[PDB]
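Colleague: Questions regarding the structure given below will be posed in turn.
Protein chains: 4
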Amino acid sequence: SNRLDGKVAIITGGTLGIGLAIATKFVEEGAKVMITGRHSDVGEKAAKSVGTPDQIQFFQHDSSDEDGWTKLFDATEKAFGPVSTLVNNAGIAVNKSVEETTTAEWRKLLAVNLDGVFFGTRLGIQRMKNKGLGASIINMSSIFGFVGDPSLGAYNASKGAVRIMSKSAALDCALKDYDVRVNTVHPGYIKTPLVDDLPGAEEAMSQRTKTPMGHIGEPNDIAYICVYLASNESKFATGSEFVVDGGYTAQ
Amino acid sequence: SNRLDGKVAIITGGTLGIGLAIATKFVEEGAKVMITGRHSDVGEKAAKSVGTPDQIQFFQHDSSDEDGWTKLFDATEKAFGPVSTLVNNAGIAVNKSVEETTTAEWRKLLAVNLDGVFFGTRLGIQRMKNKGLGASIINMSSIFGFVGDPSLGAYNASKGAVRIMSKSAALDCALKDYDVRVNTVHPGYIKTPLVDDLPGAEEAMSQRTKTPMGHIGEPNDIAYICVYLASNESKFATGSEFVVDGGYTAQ
Amino acid sequence: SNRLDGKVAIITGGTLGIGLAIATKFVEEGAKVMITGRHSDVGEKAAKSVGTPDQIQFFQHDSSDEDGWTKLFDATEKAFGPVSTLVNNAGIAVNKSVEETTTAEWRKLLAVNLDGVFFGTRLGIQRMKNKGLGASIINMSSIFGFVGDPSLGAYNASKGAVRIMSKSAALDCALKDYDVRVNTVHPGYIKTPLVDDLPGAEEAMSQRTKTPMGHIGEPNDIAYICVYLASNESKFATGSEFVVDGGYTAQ
Amino acid sequence: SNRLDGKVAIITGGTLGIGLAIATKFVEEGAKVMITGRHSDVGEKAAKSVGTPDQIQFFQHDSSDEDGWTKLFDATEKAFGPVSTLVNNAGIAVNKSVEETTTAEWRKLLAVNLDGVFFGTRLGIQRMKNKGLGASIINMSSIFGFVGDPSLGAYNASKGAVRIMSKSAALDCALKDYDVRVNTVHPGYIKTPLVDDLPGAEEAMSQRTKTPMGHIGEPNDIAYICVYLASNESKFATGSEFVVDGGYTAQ
Ligand SMILES: NC(=O)c1ccc[n+]([C@@H]2O[C@H](COP(=O)([O-])OP(=O)(O)OC[C@H]3O[C@@H](n4cnc5c(N)ncnc54)[C@H](OP(=O)(O)O)[C@@H]3O)[C@@H](O)[C@H]2O)c1
Ligand SMILES: NC(=O)c1ccc[n+]([C@@H]2O[C@H](COP(=O)([O-])OP(=O)(O)OC[C@H]3O[C@@H](n4cnc5c(N)ncnc54)[C@H](OP(=O)(O)O)[C@@H]3O)[C@@H](O)[C@H]2O)c1
Ligand SMILES: NC(=O)c1ccc[n+]([C@@H]2O[C@H](COP(=O)([O-])OP(=O)(O)OC[C@H]3O[C@@H](n4cnc5c(N)ncnc54)[C@H](OP(=O)(O)O)[C@@H]3O)[C@@H](O)[C@H]2O)c1
Ligand SMILES: NC(=O)c1ccc[n+]([C@@H]2O[C@H](COP(=O)([O-])OP(=O)(O)OC[C@H]3O[C@@H](n4cnc5c(N)ncnc54)[C@H](OP(=O)(O)O)[C@@H]3O)[C@@H](O)[C@H]2O)c1
Ligand SMILES: [Mg+2]
Ligand SMILES: [Mg+2]
Ligand SMILES: [Mg+2]
Ligand SMILES: [Mg+2]
Ligand SMILES: [Mg+2]
Ligand SMILES: [Mg+2]
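Top line first, the protein sequences correspond to chains A, B, C and D. If you count by my numbering, then the first sequence holds residues 1 to 251, one letter each, in order. If you count by my numbering, then the second sequence holds residues 1001 to 1251, one letter each, in order. If you count by my numbering, then the third sequence holds residues 2001 to 2251, one letter each, in order. If you count by my numbering, then the fourth sequence holds residues 3001 to 3251, one letter each, in order.
In structure tokens form, the structure reads like this:
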């Protein structure tokens, strides 16, 4: 227990699914947490379901909103003190091949999945460097930052960008002794509310030709690797990709 | 010889350096070539230096210009017939860490390096599929689509995006029997005019801790792998990354 | 705490350095542990330094010894009950290029680093499958399972073999619902007794051109990722590579 | 044409299938070739089918035979002059999971696929370095040097070892200015005599969940990438992996 003692974390898209599980385990391990999402109804209920305002609060923010990122860090500092930990988890998907992606779809997805992660990573470095916080930026990528999917063209682009941009940030932070690590987490298929709302999705994701374990994961599978990466347990890990995918990318 | 017999190729950024070498070898192997760039002075001289208008022409185009991509394919079809081959080579770099990248720099680089490659790949699939051309899309990435560089944050993002987006397109084209392959080429450091204009750059790039061969490459090093990928010699290669880097990524 | 409640672990080469740290943290998290090594003087002192015989014991064994692997699993079962967890950590290095490796050096290194990991993985699957133990095989690889080093030819061969052989085992175990996961851990440079016995080694390993963090790691850096992989926290992770290297492979 | 002018090549396992196609294209591009295999009936017919003894000869040799490697290089030098090019292509497969691999199977496969490639690579460096030959060692790996297959445990081990050992050799040769490059080729499924002798194999290999192109390749697909790597066209490529797999590893 207390694996995140003293840590102050921002988790984008932390009001449902994977992000909510990360927030729940972060609080359980002693972190103070600010979760974000676009809808305040979901967000305020999510925060209250996890802990008191002394442990966890909600901040309404679209991760594509550059100016809002400043307000998000400001509000987290005011509530909890200097931010030590950022999980860039908010993301969207378009079910389109590259061939069939409209430019509006392309720009919308990249605004959230790529611009948003860049805005959070850039600001995180500027706010967390040189403070002795054992700071950690955890950028959510995907198995689809490693392998293509024919119907996830823009998603693939964004997750490949997050994968390699994070290595750049890791190196710069390491070479400059900033006390900031940057790593990526790559979930396979995980049982989320979106998955349960798509008839047949889970069965398709569980075929052995997709997930060799024959079933999909659960949100706490991603929460636990994020606890390790936020914790000083992982103080020598930077610039690395952490895959939790039921074997998807091993075949 | 005649390794590209009958092929019709568009090469973006084909008026100098690597792109010009690709265009030169493509013409030598029997392809008809349309090269692009932003400046007509450079472009018309480059075309004339390689061959006659029956072999190679110039089309003025910024690869970030979505509507211009349609006009580029139209003009190439009018000159040479249906396009079989696209080399998405135009790209720019910003010498900034993620931390120090302005949003204007971020958007400018991504417009050329990511949006431009998406526009060309998407249009290429739509124009080249199902025509029996043995079509090939060659997306220029970089060693910096594999590894970070602390001073190339936005570049890293764009080249990681190109790397994985290209796998998505490769899979969709393969699964749908489009007769279009998509692969990425990843140059290491190559002696180009930009390199020769930066005092000390080549020596820095040639340190054994960067390039184990102790020297950088030349534009024809990238031309030759592009000839292989454009040719029916590589008819079973799709979704793959081809690295020509003097050992940079092997250590 | 109790992150390894009920687990029974074998750690090869667990009497010094990284393996001893893994064993120490495993016991702290509630596992029962059998550590191995070739020298009983080191091994019995190591076990006693960590806990009582009810928590941790030593078994003298060279990991290249195929028949001894059976006796090792037998003795662990007798002391602690069915084995749930195997860390294949024992390994040796030869400071030779491929060109300068003698065949005797080649065979000696592969006997420990490759045959030994195969013997333990094969036996582990046979002993741990279908017992509801949440079983986990953690194969120690290296950054040198990803990148070459000109003076580690045989080592590179063995660590690349361990990396991909482990994916085969992961897939078979997943597809057959064996309740056995297989993953690899890839340390960068870690401060060990061998390192401290080589004058100048740590400084060389800490150059930014090798480790961007500017220093090497410590044994607990590898212990903590092994706790995560042995624990049911990582029940959806199989067939994956976990790198803890101070940024070495990110550039 | 003449892409291998003046080159002198050894191709192991060059008497059937992929190795024979490599030998055929090498001769077509002007190389002198010594092919090997265990059976002289196959080997002498293969050589005669490709060219005259002035172009191509056969040498009977099991690639696991260390002393025979010396005799093989000696005989090639005597026939054709100093060897510039080595394709380590001979290899075998066992259809067994790690769990079900006998130690005899393990040692037999590794003797050919790993020891043999080490013996040829080590000797090749010693014989080809510092002679101004533009020397190239092409080590045949596999898609199964990248991803696991549950029924190819020992094969996976050997191909992962070849993949990373080759990077070590590439780096040492580059750093020491030996004028020797080392790269790996990774075929997907290819229509060979062994494949045609297994009922149902090709259909299984052609399922979209295995090969997205929906069919397997042919031996000339691997010959053409080997011509590029043997040729001075690839003089800046070393330490790299070249995949020709119909999309297998892209998903
Ligand atoms: N037939 C259909 O139309 C259909 C059916 C089922 C599912 N879907 C999928 O549903 C998706 C939309 O669902 P969703 O995005 O609300 O998923 P979600 O599962 O709610 O997203 C997970 C988390 O990310 C947050 N989040 C999402 N976008 C964010 C942003 N820009 N900035 C910050 N946090 C963000 C969410 O909170 P907030 O949402 O409150 O921001 C939530 O906390 C569509 O893109 C579509 O693929 C479509
Ligand atoms: N101190 C300095 O300011 C300094 C000094 C030296 C170098 N530099 C670098 O020089 C860079 C600009 O040089 P450059 O881009 O002209 O390089 P370049 O070497 O000319 O670019 C190579 C090729 O790509 C083409 N190209 C470039 N951008 C393109 C686009 N958007 N669409 C299509 N083709 C394109 C070029 O033609 P066109 O250029 O005609 O389009 C040319 O054919 C700066 O980004 C900077 O990093 C700066
Ligand atoms: N100039 C020199 O000669 C010099 C100087 C300094 C270091 N070295 C290096 O020292 C190395 C030998 O040291 P070491 O192997 O004893 O290292 P070590 O640091 O003791 O090895 C770490 C752990 O692995 C165990 N282990 C080693 N080989 C094993 C095996 N085959 N089976 C099971 N467990 C095994 C060790 O216990 P056990 O050792 O008790 O088995 C120990 O628990 C040489 O290979 C050399 O590279 C050489
Ligand atoms: N039911 C069955 O038993 C069955 C049925 C069909 C196929 N098979 C498979 O057939 C395999 C044996 O076929 P094969 O190895 O002869 O295949 P192959 O297709 O003949 O091998 C390709 C090339 O490699 C050469 N080669 C093979 N081993 C070599 C070595 N150790 N050193 C040098 N060159 C070597 C071969 O010549 P040489 O062979 O003349 O050396 C040939 O030139 C078995 O391992 C099995 O998987 C088995
Ligand atoms: Mg929502
Ligand atoms: Mg795959
Ligand atoms: Mg210019
Ligand atoms: Mg010792
Ligand atoms: Mg590197
Ligand atoms: Mg045979």
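We put the beta carbon where it would ideally sit given N, CA and C, even for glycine.
(1) Can you determine whether any heavy atom of ligand 6 sits closer than 6 Å to the C-beta of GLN207 of chain A, and answer yes or no?
(2) Kindly list, in the order they appear in chain D, the residues whose Cβ is closer than 7 Å to that of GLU1233 of chain B.
(3) Note down the Cα distance separating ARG3 of chain A from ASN232 of chain A, rounded to an integer number of angstroms.
(4) Just how far apart, CA to CA, sit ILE1092 of chain B and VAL1112 of chain B?
(5) Just the C-alpha distance for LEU2109 of chain C and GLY1081 of chain B, rounded to the nearest angstrom, thanks.
(6) Which residue comes first and which comes last in the alpha helix (DSSP H) that contains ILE1138 of chain B?
(7) Assuming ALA31 of chain A and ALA47 of chain A are in contact, meaning their beta carbons sit under 8 Å apart, how far apart are those beta carbons, in whole angstroms?
(8) Name the two residues that bound the continuous alpha helix (DSSP H) containing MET165 of chain A.
(9) Tell me whether the segment 2128-2135 of chain C and the segment 2144-2157 of chain C touch, counting them as touching only if at least three CB pairs, one residue from each stretch, are closer than 8 Å.
(10) Can we count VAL1112 of chain B as close to ligand 2, meaning its CB is less than 6 Å from some heavy atom?
(11) List, in order along the chain, the chain A residues whose C-beta lies closer than 7 Å to that of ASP1196 of chain B?
(12) Take the Cβ of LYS3167 of chain D as the centre, count every other Cβ of all protein chains shown within 10 Å, and call the residue buried at 16 or more, exposed below.
(13) In chain order, what residues of the same chain lie with their CB nearer than 6 Å to the CB of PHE1242 of chain B, ignoring the 5 residues before and after it?
(14) For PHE1059 of chain B and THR1036 of chain B, which I take to be in contact (beta-carbon distance under 8 Å), what is that distance rounded to the nearest angstrom?
(15) Among all the DSSP beta bridges, which residues are the ones paired with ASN88 of chain A?
(16) Do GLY2247 of chain C and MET2213 of chain C have their C-beta atoms within less than 7 Å of each other?
(17) Check the DSSP bridge columns for residue 252 of chain A and list the partner residues they point to.
(18) Can you name the start and end residues of the alpha helix (DSSP H) that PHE119 of chain A belongs to?
(19) Note down, in chain order, every chain A residue with its Cβ under 9 Å from the Cβ of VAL2185 of chain C.
(20) Using DSSP with H/G/I as helix, E/B as strand and the rest coil, what is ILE216 of chain A?
(21) Could you please give the first and the last residue of the uninterrupted alpha helix (DSSP H) stretch that includes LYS108 of chain A?
(22) Going residue by residue through the segment 6-37 of chain A, where are the continuous beta strand (DSSP E) segments of at least 3 residues, counting only ones entirely within it?
(23) From D:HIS3215, D:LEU3133, D:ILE3164 and D:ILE3138, pick the residue whose C-alpha is nearest to that of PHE2146 of chain C; which is it?
(24) Taking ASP41 of chain A as the reference, which of A:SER142, A:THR15, A:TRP106 and A:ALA23 has the closest Cα?
(25) Taking DSSP's pairing of strands, which residues face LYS3096 of chain D in a bridge?
(26) Pop quiz: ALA161 of chain A and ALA1157 of chain B are said to be a contact at Cβ under 8 Å. What is the actual Cβ separation, rounded to whole angstroms?
(27) To the nearest angstrom, report how far apart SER1084 of chain B and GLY1124 of chain B are at their CA atoms.
(28) Which one or two residues does DSSP pair with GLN2060 of chain C in a beta bridge?
(29) Please confirm whether any heavy atom of ligand 3 lies closer than 6 Å to the CB of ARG2107 of chain C.
(30) Residues near ligand 6, CB to any non-hydrogen atom under 7 Å, in chain order?
(31) Residues in the same chain with beta-carbon distance under 7 Å from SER3064 of chain D, minus the five sequence neighbours each way, listed in chain order, please.
(32) Mind listing which residues of the segment 1204-1217 of chain B have their C-beta closer than 7 Å to chain C's C-betas, in chain order?
(33) Could you tell me whether any non-hydrogen atom of ligand 1 is closer than 6 Å to the CB of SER141 of chain A?
(34) Relative to the C-alpha of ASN3089 of chain D, which residue among D:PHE3118, D:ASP3179 and D:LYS3235 is closest?
(35) From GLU1028 of chain B to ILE1018 of chain B, what does the alpha carbon distance come to, in whole angstroms?
(36) For chain D, check one thing: does any of its Cβ atoms lie closer than 7 Å to the Cβ of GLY145 of chain A?
Modeller: The structure says:
(1) To locate residue 207 of chain A, count along the first sequence from 1; it is residue 207. It does not: the Cβ of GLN207 of chain A is nowhere closer than 6 Å to a heavy atom of ligand 6.
(2) To locate residue 1233 of chain B, count along the second sequence from 1; it is residue 233. Result: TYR3224.
(3) Numbered from its first residue, the first sequence carries residue 3 of chain A at position 3. Numbered from its first residue, the first sequence carries residue 232 of chain A at position 232. Straight-line Cα distance between these residues: approximately 8 Å.
(4) If you number the second sequence from 1, residue 1092 of chain B lands on position 92. If you number the second sequence from 1, residue 1112 of chain B lands on position 112. Cα to Cα, the separation comes out at about 7 Å.
(5) For the purposes of this step, residue 2109 of chain C is taken as residue 109 along the third sequence, with counting starting at 1. For the purposes of this step, residue 1081 of chain B is taken as residue 81 along the second sequence, with counting starting at 1. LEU2109 of chain C and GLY1081 of chain B: Cα-Cα distance of roughly 60 Å.
(6) Residue numbering aside, residue 1138 of chain B sits at position 138 when the second sequence is read from its first letter. Here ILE1138 of chain B belongs to no alpha helix (DSSP H); instead the beta strand (DSSP E) covers 1135-1140.
(7) Locating residue 31 of chain A in the first sequence gives position 31, where the first residue counts as 1. Locating residue 47 of chain A in the first sequence gives position 47, where the first residue counts as 1. Between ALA47 of chain A and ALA31 of chain A the Cβ distance is about 14 Å, and since that is not below 8 Å, they are no contact.
(8) As a position in the first sequence, residue 165 of chain A is number 165, starting the count at 1. Taken as a continuous stretch (DSSP letters only), the alpha helix (DSSP H) holding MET165 of chain A covers 153-175.
(9) no
(10) Looking up residue 1112 of chain B in the second sequence gives position 112. Under cutoff, so the answer is yes.
(11) Your numbering for residue 1196 of chain B matches position 196 in the second sequence. Simply none; closest approach about 25 Å.
(12) Position 167 of the fourth sequence, counting from 1, holds the residue named residue 3167 of chain D. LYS3167 of chain D comes out buried.
(13) Within the second sequence, residue 1242 of chain B is the residue found at index 242, counting from 1. So the list reads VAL1185 and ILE1225, once near-sequence residues are dropped.
(14) As a first step, residue 1059 of chain B is located in the second sequence; it is residue number 59 there, counting from the start. As a first step, residue 1036 of chain B is located in the second sequence; it is residue number 36 there, counting from the start. About 5 Å separates the two Cβ atoms, so the contact holds.
(15) Working through the first sequence from its first residue, we reach residue 88 of chain A at position 88. Paired residues: A:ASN139.
(16) Numbered from its first residue, the third sequence carries residue 2247 of chain C at position 247. Numbered from its first residue, the third sequence carries residue 2213 of chain C at position 213. In contact: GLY2247 of chain C and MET2213 of chain C (Cβ atoms closer than 7 Å).
(17) In the structure as shown, chain A starts at 1 and stops at 251, and residue 252 of chain A therefore has no counterpart that could be examined.
(18) Position 119 of the first sequence, counted from the start, is the residue given in the question as residue 119 of chain A. Per DSSP, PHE119 of chain A belongs to the alpha helix (DSSP H) from 116-128.
(19) In the third sequence, residue 2185 of chain C corresponds to position 185, counting from 1. In chain order: nothing, as chain A lies at least about 11 Å away.
(20) For the purposes of this step, residue 216 of chain A is taken as residue 216 along the first sequence, with counting starting at 1. Coil, per DSSP.
(21) Here residue 108 of chain A corresponds to residue number 108 of the first sequence, with the count starting at 1. It spans 103-110 - the alpha helix (DSSP H) in which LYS108 of chain A sits, taken as one unbroken run.
(22) 8-11 and 32-37
(23) Taking the third sequence and counting its residues from 1, one reaches residue 2146 of chain C at position 146. Per the Cα distances, D:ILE3164.
(24) Here residue 41 of chain A is taken as the residue at index 41 of the first sequence, counted from 1. Cα-wise, what sits closest to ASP41 of chain A is A:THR15.
(25) Within the fourth sequence, numbered from 1, the residue matching residue 3096 of chain D stands at position 96. Beta-bridge pairing links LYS3096 of chain D to D:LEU3152.
(26) In the first sequence, counting from the first residue as 1, residue 161 of chain A sits at position 161. In the second sequence, counting from the first residue as 1, residue 1157 of chain B sits at position 157. Right, the Cβ-Cβ distance comes to about 4 Å (below 8 Å), so this counts as a contact.
(27) Along the second sequence, one-based indexing puts residue 1084 of chain B at 84. Along the second sequence, one-based indexing puts residue 1124 of chain B at 124. So the two alpha carbons sit approximately 9 Å from each other.
(28) Numbered from 1 along the third sequence, position 60 holds the residue referred to as residue 2060 of chain C. DSSP, once it has assigned bridges, lists C:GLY2037 as partnering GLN2060 of chain C.
(29) As a working mapping, residue 2107 of chain C is identified with position 107 in the third sequence. Incorrect: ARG2107 of chain C has no Cβ contact closer than 6 Å to ligand 3.
(30) A:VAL147, A:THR249, A:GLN251, D:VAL3147, D:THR3249 and D:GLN3251
(31) Position 64 of the fourth sequence, counted from the start, is the residue given in the question as residue 3064 of chain D. Answer for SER3064 of chain D: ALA3111, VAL3112, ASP3115 and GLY3116, listed in chain order.
(32) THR1209
(33) Counting from one through the first sequence, the residue named residue 141 of chain A turns up at place 141. Outside the cutoff, so no.
(34) Looking up residue 3089 of chain D in the fourth sequence gives position 89. Cα-wise, what sits closest to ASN3089 of chain D is D:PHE3118.
(35) Along the second sequence, one-based indexing puts residue 1028 of chain B at 28. Along the second sequence, one-based indexing puts residue 1018 of chain B at 18. Their Cα atoms are separated by approximately 15 Å.
(36) Taking the first sequence and counting its residues from 1, one reaches residue 145 of chain A at position 145. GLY145 of chain A does not count as touching chain D.
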